[PDB]
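In: 3D model of this:
(chains A, B, C, D, E and F)
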Amino acid sequence: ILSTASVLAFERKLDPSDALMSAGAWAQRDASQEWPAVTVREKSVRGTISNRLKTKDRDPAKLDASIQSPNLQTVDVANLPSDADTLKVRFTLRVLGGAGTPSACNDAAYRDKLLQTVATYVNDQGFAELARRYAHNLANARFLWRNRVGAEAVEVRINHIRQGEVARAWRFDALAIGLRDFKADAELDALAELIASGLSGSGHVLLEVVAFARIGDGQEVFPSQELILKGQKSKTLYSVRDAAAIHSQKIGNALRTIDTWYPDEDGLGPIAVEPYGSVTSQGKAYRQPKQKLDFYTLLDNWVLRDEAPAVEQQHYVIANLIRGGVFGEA
Amino acid sequence: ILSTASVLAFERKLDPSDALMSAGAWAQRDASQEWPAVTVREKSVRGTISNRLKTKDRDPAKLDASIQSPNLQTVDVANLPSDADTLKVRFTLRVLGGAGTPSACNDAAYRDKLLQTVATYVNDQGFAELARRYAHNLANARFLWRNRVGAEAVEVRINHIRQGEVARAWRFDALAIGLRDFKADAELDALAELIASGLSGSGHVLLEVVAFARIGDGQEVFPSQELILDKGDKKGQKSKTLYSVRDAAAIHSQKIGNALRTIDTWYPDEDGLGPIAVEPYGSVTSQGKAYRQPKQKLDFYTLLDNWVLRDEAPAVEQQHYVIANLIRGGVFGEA
Amino acid sequence: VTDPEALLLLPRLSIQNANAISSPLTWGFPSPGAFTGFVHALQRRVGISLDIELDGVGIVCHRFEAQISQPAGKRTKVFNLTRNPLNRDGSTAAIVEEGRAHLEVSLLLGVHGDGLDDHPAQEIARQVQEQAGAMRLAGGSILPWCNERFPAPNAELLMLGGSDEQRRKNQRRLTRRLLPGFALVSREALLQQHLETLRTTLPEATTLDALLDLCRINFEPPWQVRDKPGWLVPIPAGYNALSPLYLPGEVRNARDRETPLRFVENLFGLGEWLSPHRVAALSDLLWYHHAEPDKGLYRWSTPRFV
Amino acid sequence: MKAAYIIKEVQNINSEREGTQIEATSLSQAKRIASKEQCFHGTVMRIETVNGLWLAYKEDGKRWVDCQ
Amino acid sequence: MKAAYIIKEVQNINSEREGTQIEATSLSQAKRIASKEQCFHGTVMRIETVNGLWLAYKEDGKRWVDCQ
Amino acid sequence: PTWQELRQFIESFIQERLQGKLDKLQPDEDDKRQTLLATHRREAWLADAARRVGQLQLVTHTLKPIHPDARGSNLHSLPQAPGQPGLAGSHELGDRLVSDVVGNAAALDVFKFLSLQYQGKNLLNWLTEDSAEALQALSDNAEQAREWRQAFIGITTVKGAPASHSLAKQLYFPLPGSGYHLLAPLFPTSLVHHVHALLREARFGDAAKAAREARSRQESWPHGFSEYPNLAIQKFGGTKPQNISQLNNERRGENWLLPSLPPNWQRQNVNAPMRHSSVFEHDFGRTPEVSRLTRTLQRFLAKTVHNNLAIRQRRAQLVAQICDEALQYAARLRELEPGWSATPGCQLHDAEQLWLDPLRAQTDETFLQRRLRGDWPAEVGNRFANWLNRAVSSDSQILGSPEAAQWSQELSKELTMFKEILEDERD
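Out: Numbers count the residues shown, from 1 in each chain, chains lettered A, B, ... in the order given. Dropping the coordinates below:
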């Protein structure tokens, strides 16, 4: 009958690190191993009321009373130094491979059917569309989330790391490679074949990804933001040791932005590979289960009753299994 | 009639300590006595809801209303430093010895019959199949649980400590030794004979195990996660707590012990797993399925009663498993 | 009971999972009965072979790290547990909370007997340390100190000194060796006179109430805290009888059928943690057994202290 | 009698979202409303006052743990 | 019960004068005496012991912040 | 005293449980009220209750807190008082026994039936004594009354042979002559429930919360209160606290263990002086513990002589604890790390030489070892004494009275102690 398992736990593939951000000057990027770090510091802000009123605060007396005594805060800001115009964001990426084998499963025969399904996927077509788009998201510096939106020139240096040294180095222009077109290039296909060899298990792949972004002198960079528990302390930033940093799962969310196959319009561009494929910044969930195109119905129709989906839908399903997660009912 | 004892108990031999982990650079791992420790710190994560709907609330309204309310967490992580690509896990191992005598027994007739049976096993064939597989699980770094699954090169060093100093040094490459085959090597046989001499004698044998794993710069390592209940209030509560002995991440001792007892390849189901841990009613909690069920005659209890009471000595693999349960320890007994 | 002719010092012992639930009323450091049982097992295992009588223990506790965690929004604490294996069907077993802790104690065990002149003192100390290295103290493995800076060796102080100056000198040389800890002694006459004072204040007073009063911190109106002399703790001070003693082969499912069984229950006394030079006599501070089995009252304490 | 309650359905026992507000007669009524309004499978309900004080939570497959 | 308190009324939260001494039963009595003996508008009260340890302060228009 | 009133009370209670069952039945058909009024209304209720008696047991020492698949013996016994003074447990409660119930939880109606106070005392206390009011109220014949009472009084006795399970604990105790006893202990549930009620009174009681608010107002309240820090929680019923006991339903698990902790249970890491500002900060290098200790020293200024005797002995104990913590701080600072010999400079207050005992001898064997063995560096007690003279309040009144002479006397005594212990460091 072959129902789905009661536990399913997939380890995460493409492990990134915490992307450290330091700062320096452009046109000496080749000697940027001793660049001093960007330090999260505190500054005070005072804000007037700017939100909508709930039709009872529209009394001018209460409005002027609220405007006379505004709130005080102490945000955390992180700025470049006054004599530096380049943000260096450095992290390492470890491609694991073995994308079908779950780390936990109750049923055995379901696990054999899933392993056979993934094996025929790899036999029909290797990790070649997925590694191409992952090397695209490494190519343009999408992991620089808000640090990219106004940069003059971004440059991403990816080194393949052997035993203790580089084996094959790359260097891209992250603004030429757009945020919405998965085109072709020689260096992109070489990096895609390296990631393909990593994901299929034919070798150990460790990449070191450095991204220089030319913002400006003393401008504001944007690291990750923690959750908080007169000096209300309304904003807290992430820093590993007196040095700002982007979270690992934020870099992971930027690398998983390959899903160009969702049933609505492609005027938006690629989104993150998620079951019930959703975007927080837009509050909308493409691949709703009312249509037959989310992750769960596609996997349970692929592996139970063998309705093999379209090539792009099984691309999305294997991308979900690369992403990880906990699947299975109770 | 030689009835079973109402109280049976065996002390845990093969006793490991809490596996501290530290960090540093490869190719100066020979001077790795002053490497700094890996510290457990907090980080704040959020994301949407990914699991399956309960089929009666599939409407787009509450779906979009749910992805506009992400869940907010504070988790612990243990990362390597950004200038180090090696994880150094180090723990101490005691092989105690006297692996047949129970720590508690009602019947003296059961006691000397069981002691005679254990002596019959050990002079028939000593601890040389069990100690071979224990030396395998110390050789290939199976105690590095998730810290192993992507490493470029794992090297394990085991030094037998005398009264004050290193009596004999081993050095292995844990990726050349697989996780599912128990072959024969020279140093593996020497280590297995040391564990055999430990398990047979009366004095303890102390081993120091070091395991270097070349992961990468700043990647994530995985210590044990503390089982806590009654967690508290959601404004301050932490979602995932890692183990830390003295401001340094660590794998629990019983996790190292459960890794070292993964020698059981004689269970009747097919070895798509390979070896599993040694338990009475041998159960894999990652698999959620208890092999060696009592309906087949291949669990620990019935095998021990047939080996001691009615003297049906089973196959040599099954008495290997029985003596492995006795080295594992346990509390057995009916009312 | 008996003055020890020698006072052997076990060094700093690393114990990784001790039973932190000392009693049904106290958590924290393990019971003194664990240490007295440890030295009686040492006597049982090498005290016969070397013709000695190991008796009494000096508890020191250099370092204590309990595996607890404070839940968010509560004042009290909970325990970090372990994951049991499944049952034969795959369901999870019902968890029994057992507290663990990581200790670092030094044991001052008093040795006396005719084996002192038969062997050198360093050889008998080395043999008793090799036997201690393969035991367990309160449920925790004794970590045997490998590949550290330098192993701490033992020292059997002969208590019979040539002079009182020599006795005080060698006592001070020992107290320097076990200094960063905190020795634990039993103070029961202090609890008794505190019962007397509290019954002067208010009658029909239990000494459970006196133990509770000396445990807590309590404020007084003029606000100031009420002072306590030293670090007073509650400890389990042995057992008290419930059932009459049974015959050795009579109780069903005993640990042994050669030894009489008796259903007992705890007795909560009062201990104190002092710095080790405060006692000015290390020949005491050892914990002995006091049975008197005819009335129950299987209890431990330290006589000769004050 | 018509007391207001907050119902959050979150990932584990210690995760915070915003939850919807109901109005119920008793806490045993709010335990019955919240079990109906559970969208996903592996989530954990929780019942709150309007200020943030806890009332009860319930993991999936287990029964209602009641603290305050 | 008749404890002595020092009442300073200063310009901002961190300014030091000499303040007058009262004698009051409780700190809630000294909060009530000091609010009567406020000469000026935009000043900040503070209650002290005789040695200098703080008890409470109160900006104008806000309520009593209580540290020690 | 009259048996008719007792019979009416019994019929009223059985009818009360009947109307409770009919109310909690929510029935509309199937005619279950006839079986309810036949089984749960007649005097066959007491017959089936005497049937339910053999599952129950009144206990003060349950086994089930020890690992819950343990089918052993369970006792209702109060021990005799020990002759030795001081220590105590289970022999203090004279009237305040809660008398915990173990057995089948669905048969709790018999316990709530017997637990009432109908005339002046307990109903089991009535049936245990031969009385004319007893043995007749639940009766029309004498032999069935004798049978019902012989059932009802047996709940307080252990049923079966004495036994402890393999998962129960049992511990050898060395007798003074030779041989051992086996000592199976139990969980005292009356003790845990009584200490639990006292702790809940001291922590959540209104009479203590009033003084707790009165401290914040700094008013004068008649009595004080207490705080009990560092409690730990242990729960026995994992998810089903009803299966263990009946008093494990009042306290839902929640053992509320008191702390028995050594004073060095909070790890205080070591801080060594490096620079000049570190030499001024870490010369005393003082924990919050000595701050708490000398703060209570500052509260020992005013004194009347009949109390000032005891205040003086407490001052002696306090300065004794001060020099003990100073010596232990020196011990862990000198034997913990090599940080006293980490980096030199110009200012380390290097006349100390006590916080660097093996730091100047183990590496330099001829340079500073002769500079420490021959000097015997013990002048640090004078600077430490000058550190202590800031703890006394520099008032002219306490200077002019004899309290200054008494204070200087006890400081000189404990300073002599500190000096002579600092002296023998070379051996």
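In: Looking at the stretch 201-306 of chain C, which residue is nearest chain D?
Out: At 25.2 Å from chain D, residue C:216 is the closest residue in the stretch 201-306 of chain C, using Cβ to the nearest Cβ. Backbone N, C-alpha and C define where each C-beta goes, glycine included.
In: Now for that residue: which residues touch it?
Out: Residue C:216 makes contact with F:202, F:226, F:227, F:228, according to Cβ atoms under 8 Å, 6 or more residues apart in numbering or on different chains.
In: quick check, nearest of these to residue B:273?
Out: Proximity of these to residue B:273, judged by Cβ to Cβ, is greatest for residue F:228, which lies at 50.6 Å.
In: Next up, phi/psi of the nearest residue to that closest one once chain neighbours are set aside, please.
Out: Sequence neighbours aside, residue C:216 is the residue nearest to residue F:228 in space, at 5.1 Å (criterion: Cβ to Cβ, 6 or more residues apart in numbering or on different chains). Dihedral pair for residue C:216: phi -80, psi 170, per degrees, to the nearest 10.
In: Look up how far residue F:229 lies from residue C:216.
Out: For residue C:216, the distance to residue F:229 equals 8 Å [Cβ to Cβ, to the nearest Å].
In: again with residue C:23
Out: From residue C:23 to residue F:229 the distance is 19 Å (Cβ to Cβ).
In: Looking at these two, which is more packed in?
Out: The neighbour count for residue C:23 versus residue F:229, taken as other Cβ atoms under 10 Å in any protein chain shown, is higher for residue C:23 (23 against 10).
In: count of neighbours near the residue of the stretch 101-250 of chain A found nearest chain F?
Out: Closest residue of the stretch 101-250 of chain A to chain F, Cβ to the nearest Cβ: residue A:241 (18.0 Å). Close neighbours of residue A:241, defined as other Cβ under 10 Å, add up to 11.
In: May I have the secondary structure class of it?
Out: Classification of residue A:241 using DSSP: H, G, I helix; E, B strand; the rest coil returns coil.
In: if I look at it, how far off is residue B:25?
Out: From residue A:241 to residue B:25 the distance is 18 Å (Cβ to Cβ).
In: for chain D, what spans make up the strands?
Out: With DSSP state E, the ranges of strands along chain D come out as D:3-10, D:20-24, D:44-48, D:54-58.
In: residues contacting residue C:253?
Out: Residue C:253 is in contact with B:6, B:7, B:106, B:333, B:335, F:72, F:163, F:164, F:165, F:166, counting by Cβ under 8 Å, 6+ apart.
In: what's the closest non-adjacent residue to it?
Out: Among residues not flanking residue C:253 along the chain, residue B:6 sits closest, at 4.4 Å (Cβ to Cβ, 6+ apart).
In: The one you found reaches residue B:106, doesn't it?
Out: Yes: the pair residue B:6 / residue B:106 is scored as a contact, 5.1 Å apart, by Cβ atoms under 8 Å.
In: Mind listing what's buried along stretch A:205-225?
Out: A:205-215, A:221-224 (16 or more other Cβ atoms under 10 Å in any protein chain shown).
In: From those, pick the one nearest residue F:248.
Out: For the buried residues of stretch A:205-225, the nearest to residue F:248 is residue A:224 (46.6 Å; Cβ to Cβ).
In: So what does the closest residue to chain D within the stretch 51-200 of chain F have for phi and psi?
Out: At 15.6 Å from chain D, residue F:200 is the closest residue in the stretch 51-200 of chain F, using Cβ to the nearest Cβ. Dihedral pair for residue F:200: phi -70, psi -30, per degrees, to the nearest 10.
In: what ranges do the strands span in chain F?
Out: Counting by DSSP E, the segments of chain F that form strands are F:57-59, F:61-62, F:100-102, F:173-174, F:180-181, F:184-185, F:187-188, F:225-226, F:258-260.
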